[PDB]
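In what follows, one protein chain appears twice in different forms, each by itself as structure tokens: structure 1 and structure 2.
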Structure 1
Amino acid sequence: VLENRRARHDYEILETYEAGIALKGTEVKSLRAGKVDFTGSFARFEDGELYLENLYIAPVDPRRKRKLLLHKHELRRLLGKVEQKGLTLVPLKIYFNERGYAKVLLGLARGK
């Protein structure tokens, strides 16, 4: 389990959400090795899809924008809360579930 220690220590975390991550190439192997950097990463909607931006996965652009996969119920919870004054949707942790799906726990963060 890869954790964003900075987010937890410097921000107050409000609601959280879980999503899958669409990985490409060797990205999956790098994540298993724990070669990730959360610095400056955030999630934002673009053309009907939620994307995780600026997440670094050590060696394809190591910081390419990656599509997040949301189930309808989670999308419904999120819609309308992403763009709110002073809040940022940030990745809190990345892990793989039993079936091998890469997952990211997102949280609305407010300046602490």
Structure 2
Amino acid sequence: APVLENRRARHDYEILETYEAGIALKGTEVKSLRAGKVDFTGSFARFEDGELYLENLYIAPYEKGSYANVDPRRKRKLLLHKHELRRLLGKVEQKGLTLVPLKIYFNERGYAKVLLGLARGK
């Protein structure tokens, strides 16, 4: 169930700020999440248009049996206010920073939320 962070990142990049952003999941995705054999090995977030879609996040699809689910590595959108969103973007694509998946979990109100943060390292 709940809280699973990205241990892959600490030794790779370094966080500047950290935002929290609800994600656009489907439902089975959510079940896969309530479990825990998904990985951020390689996953970061990117703005395809003006919206930010965390990508390469693999979420083992209802992998406690076998089921009739979805594309494990699907570009999942991210939610964040217009103001809270116009920022991070301007502090990034200069290719100096990177949107990397920090932690994942469900909030008080029961919603899976992702935690992102600026990055850089070598």
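For numbering, take structure 1's sequence and count from 1. By rigid core we mean the largest C-alpha set that fits within 1.5 Å across both forms.
The Cα shift for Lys65 between structure 1 and structure 2, taken after rigid core superposition, is smaller than 2 angstroms. Core-superposed comparison between structure 1 and structure 2: the Cα of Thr26 travels less than 2 Å. Relative to the superposed core, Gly80 shifts its CA atom by less than 2 Å between structure 1 and structure 2. On rigid-core superposition between structure 1 and structure 2, the C-alpha of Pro91 is found to move 0.4 angstrom. The two forms, fitted on their core, place the C-alpha of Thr16 1.0 Å apart, compared between structure 1 and structure 2.
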